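Line order of the protein sequences matches chains Z, H, C, B, V, S, G, F and U. Sequence positions in the first sequence follow the authors' numbering and run 50 to 157, 163 to 196. Sequence positions in the second sequence follow the authors' numbering and run 325 to 333. Sequence positions in the third sequence follow the authors' numbering and run 111 to 164. Sequence positions in the fourth sequence follow the authors' numbering and run 5 to 88, 103 to 122. Sequence positions in the fifth sequence follow the authors' numbering and run 60 to 240. Sequence positions in the sixth sequence follow the authors' numbering and run 442 to 468, 476 to 490. Sequence positions in the seventh sequence follow the authors' numbering and run 177 to 221, 224 to 342. Sequence positions in the eighth sequence follow the authors' numbering and run 3 to 56, 228 to 232, 239 to 286. Sequence positions in the ninth sequence follow the authors' numbering and run 251 to 340, 348 to 358.
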Amino acid sequence: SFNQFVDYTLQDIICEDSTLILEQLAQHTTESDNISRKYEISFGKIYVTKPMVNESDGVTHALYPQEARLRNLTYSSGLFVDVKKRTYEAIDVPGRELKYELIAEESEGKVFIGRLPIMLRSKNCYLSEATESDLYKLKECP
Amino acid sequence: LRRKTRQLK
Amino acid sequence: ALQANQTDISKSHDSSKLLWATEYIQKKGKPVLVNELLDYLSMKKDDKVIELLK
Amino acid sequence: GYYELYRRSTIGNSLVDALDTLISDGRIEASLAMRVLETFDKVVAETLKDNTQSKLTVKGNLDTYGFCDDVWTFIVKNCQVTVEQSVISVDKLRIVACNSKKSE
Amino acid sequence: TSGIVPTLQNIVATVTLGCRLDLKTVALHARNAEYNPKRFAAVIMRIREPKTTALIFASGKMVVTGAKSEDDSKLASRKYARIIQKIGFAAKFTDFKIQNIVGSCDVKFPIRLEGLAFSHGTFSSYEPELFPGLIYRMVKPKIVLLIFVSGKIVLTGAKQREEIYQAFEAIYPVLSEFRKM
Amino acid sequence: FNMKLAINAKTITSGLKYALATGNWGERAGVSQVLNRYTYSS
Amino acid sequence: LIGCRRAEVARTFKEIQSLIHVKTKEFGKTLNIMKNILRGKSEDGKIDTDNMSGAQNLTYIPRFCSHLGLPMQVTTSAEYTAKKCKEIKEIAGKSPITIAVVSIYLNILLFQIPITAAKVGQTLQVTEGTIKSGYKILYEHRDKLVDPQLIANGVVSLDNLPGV
Amino acid sequence: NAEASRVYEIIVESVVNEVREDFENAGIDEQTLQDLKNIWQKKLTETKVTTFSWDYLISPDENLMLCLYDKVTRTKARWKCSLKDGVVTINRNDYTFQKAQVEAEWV
Amino acid sequence: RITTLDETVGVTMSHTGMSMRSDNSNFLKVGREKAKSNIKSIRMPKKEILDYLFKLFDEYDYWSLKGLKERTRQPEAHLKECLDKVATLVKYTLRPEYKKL
């Protein structure tokens, strides 16, 4: 159940309300200010890292289940999403429908959106690819 | 006037 | 420089002349004859601003 | 609007003498002459901005500077002027410059 | 004890006339003038033999700077007043007070700024990643000292020549105690 | 506009931790329990 | 910034400026005033310790190397190099950020990690010329900037550092 | 200077060509353009400036340059000016430049 | 399937939180767009600005403060002194003494 959620459900959830549009109307106050802006933020693919922990000093290193249990830490990985920021503007002539046009500003980076706890012995856990000898090295019970 | 800020779905 | 700095009393609008004349009138302890005004604004003959003042 | 400083140059001074000489002859209206000078600034500004590429540098010692109404006024004494090649020795070179950013 | 006396580098003095001036007239008829009301609200004037700058305002106030001596400033201030007089405006010399004196010197050895910043933490303010120089605000007299790793000291805030000498003589012992190596 | 402040990672991190640390499925009870490790069969 | 300093995890001015947008002049003046207030109320009734010192360069090294993904062994060598880097007067007066970055760069080339300076300065936002400019000063004192134990064991040799 | 002469020919040509409309507004005859063109040209060659196709206060033969300034700065004893699109006259010789650099030390 | 990042964890997190790298995006920099435009002015002689106001009022009988400043391009301080002496606020309008002419 967890593998299905992480593999497919996470992407689907973000692909429902990915687009956020803010519309700034003409705000007719003078003939020198008649342009209407439209700023759009869209969420693309989502990436998941291996389990990791960030310390107080800001150093991040791979976290294994044994250390998490002893250090009272949460066994979780990081979530990243590609964000595209687009802005549209057009000349808002009074009493007419607008035709928004791309204004040559389409930024397109990875944004951290929180940490997802990882179930042990899952596709995203370190113990899924570990053999019996590897588990003994990691102080994990086969 | 308007609120000069609105969201389109 | 001061002589050239002094702007000609021929203002764009007659209203401007009256405002200065009224300000000049108010700063006098006693009423001032028209002769004093003529010295202030270089319009000796009967000017519309003078009539507007009345 | 275009500045009238160019009227002090050789081409501007010659035009003033020519127009004024005709004014004395009575063959040109005084008001019309003013219109010519106003258009003279436009053409000189346009051609200078578009049809020149020479570069010259002047090095010397300043003897007097001045700024007022967005117009600097420098006087460089014992300065060497090079064009593009050949240096020119100048005892006293006065500089007058107006705004590069046109004032509307 | 130190055996080295700091050398003055800048003196900021102010003079007044009590008369109103026409900046535009002065700018057009003055040798060295710089009047930009959009940028600054005064006319900047410079002189050559003393090499000093003065900011003459419409209220008759001046701020002479760049003078290397008290007497040299007097000659500069008098010449500045004479220049105004020669223009035609009513200008008379008035109270001349020095508002700030800047001095510099060198101790000729490195100083452990961390040690000074710790022991004398009530006065020092050392921010390595913002300004590479320690700022020591001496309490008596009121003078601000800039201490550099190379052993260069900048003194600013003194109003008389005696205070700057006293400050350095009173700071050398506390500087030698923290000398590097 | 600062993207680092526009996106608050604390929202997702705490929301998942809180719902998992405790049994409160929100912002149902007893959804999450401390795993019993008394014996293998348990 | 004060809170981070008290926790021995002090950040840099640039790091704080990334989130809170305030020009350095106001930032510096406010910090100095704030420190004075703490000192004033400390005597009234502590507040600062050896950590309160502005430089405290040793704290920055673990995070900077982590951003580059270097192993812990390289981090320890950089810490030793930075600690001994304060004995040179020509580098001691430099900014701690440059001191740490250049020290990290020296260790990066010492262990032969395939990471170019073009990316080290891009990640840490330090001019490459400054890194290389500081390397020349730091290149003349290499013998005193390498841990004796590391060279004694044989893990790193002074001949692995390119010379100009 | 060949470049200076070429620009001067352009300036005079532009003035006469552009000013025709205004003169027709004044109702003056066509020959006045020829007279203005002739008299102006003779004055230029008369000046013999270049070859042509045809105290503490402020108090041709004088060398003067008229131009525009892009940015002027100073460092405590030195004035540096970046000028462009100007005409200069030195020792009865005239030159034109797209850009110019001034580097003088204020004693 | 979701994509997993195989890079070092310390590298992936170098762009998160308080990082030495500075943002170089120009998106929605509203403060930057208008804060850049800034220019000062100077109070001109009364005898000239005062005339300018009367011609301006003749063009339109109800002029806003922002429009008035844009046309005059002078500090509000001096303008306020002359504006009150000539006009009144209900939008400023010329006083009946001069308007009724």
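The C-beta atom is built at its ideal place from N, Cα and C for all residues, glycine as well.
In terms of Cβ geometry, residue 202 of chain V and residue 226 of chain V form a close pair [threshold 7 Å]. Assignment of residue 135 of chain Z by DSSP, reduced to helix, strand and coil, places it in the strand class. For the pair residue 155 of chain V and residue 74 of chain V, the CB atoms are nearer than the 7 Å cut-off. DSSP, reduced to helix, strand and coil, places residue 102 of chain V within a strand of the structure shown. Looking from the CA of residue 134 of chain V, the closest CA among V:90, V:110, V:116 belongs to V:110. Distances from the alpha-carbon of residue 182 of chain G to those of G:196, G:335, G:232, G:285 put G:232 closest. Cβ neighbours of residue 332 of chain U within its own chain (closer than 7 Å, five residues either side excluded): 296, 299, 300, 303.
Between residue 65 of chain B and residue 280 of chain F, the alpha-carbon positions lie close to 14 Å from each other.
Around the CB of residue 214 of chain V, 16 or more other CB atoms lie within 10 Å, so the residue is classed as buried. The beta-carbon of residue 20 of chain B is placed no less than 7 Å from the nearest beta-carbon of chain F. Taking a beta-carbon distance threshold of 7 Å, residue 135 of chain V does not count as an interface residue toward chain B. Taking all protein chains shown into account, residue 92 of chain V has 16 or more neighbouring C-beta atoms within 10 Å of its C-beta and is therefore buried. Our two residues, residue 8 of chain B and residue 53 of chain B, have alpha carbons roughly 16 Å apart in a direct line.
Separation of residue 191 of chain G and residue 62 of chain B (C-alpha to C-alpha, rounded to the nearest whole angstrom) is 47 Å. Residue 16 of chain B is outside the set of residues whose beta carbon lies under 7 Å from a beta carbon in chain V. The alpha-carbon of residue 49 of chain F is positioned some 36 Å away from that of residue 257 of chain F. Residue state for residue 460 of chain S is assigned as helix, using DSSP reduced to three classes.
The beta-carbon of residue 171 of chain V is placed no less than 7 Å from the nearest beta-carbon of chain F. In the displayed model, residue 338 of chain G falls within a helix according to three-state DSSP. Judged by DSSP secondary structure, residue 295 of chain G falls within the alpha helix (DSSP H) whose first and last residues are 295-302.
Residue pairing by DSSP puts residue 110 of chain Z in a beta bridge opposite Z:102. Membership of residue 243 of chain G in the alpha helix (DSSP H) is indicated by the continuous run 238-246. Taking C-beta separations shorter than 6 Å and ignoring five residues to either side along the sequence, the partners of residue 274 of chain G in its chain run 233, 235, following chain order. If you check each beta-carbon in the region 57-70 of chain B against every beta-carbon of chain V, the ones closer than 8 Å belong to 68, 69, 70. Between residue 231 of chain F and residue 137 of chain V the beta-carbon gap is near 21 Å, outside 8 Å, which marks them as no contact.
As summarised for the region 138-212 of chain V, the continuous alpha helix (DSSP H) elements at least 4 residues long and confined to that stretch are 172-178, given in chain order. Under the three-state reduction of DSSP output, residue 52 of chain Z falls in the helix class.
In the same chain as residue 225 of chain G, and ignoring 5 residues on each side of it, the C-beta atoms closer than 6 Å to its own belong to 214, in chain order.
For chain G, the residues of the region 85-114 of chain Z that bring a beta carbon within less than 7 Å of one of its beta carbons are 105, 106, 107, 108, 109, in chain order. Taking one beta carbon from each stretch, the region 120-136 of chain Z and the region 165-179 of chain Z have 3 or more pairs nearer than 8 Å; the two touch. The shortest C-alpha to C-alpha distance from residue 50 of chain B to any of F:272, F:13, F:283 is the one to F:13.
DSSP places residue 64 of chain B outside any alpha helix (DSSP H); the residue lies instead in the beta strand (DSSP E), whose first and last residues are 59-71.
A distance of 7 Å or more separates the beta carbons of residue 139 of chain Z and residue 154 of chain Z.
Flagged as an interface residue toward chain S: residue 278 of chain U, by a C-beta distance shorter than 7 Å. For residue 208 of chain G, the uninterrupted alpha helix (DSSP H) segment begins and ends at 200-220.
Between residue 275 of chain F and residue 56 of chain B the beta-carbon gap is near 5 Å, inside 8 Å, which marks them as a contact.
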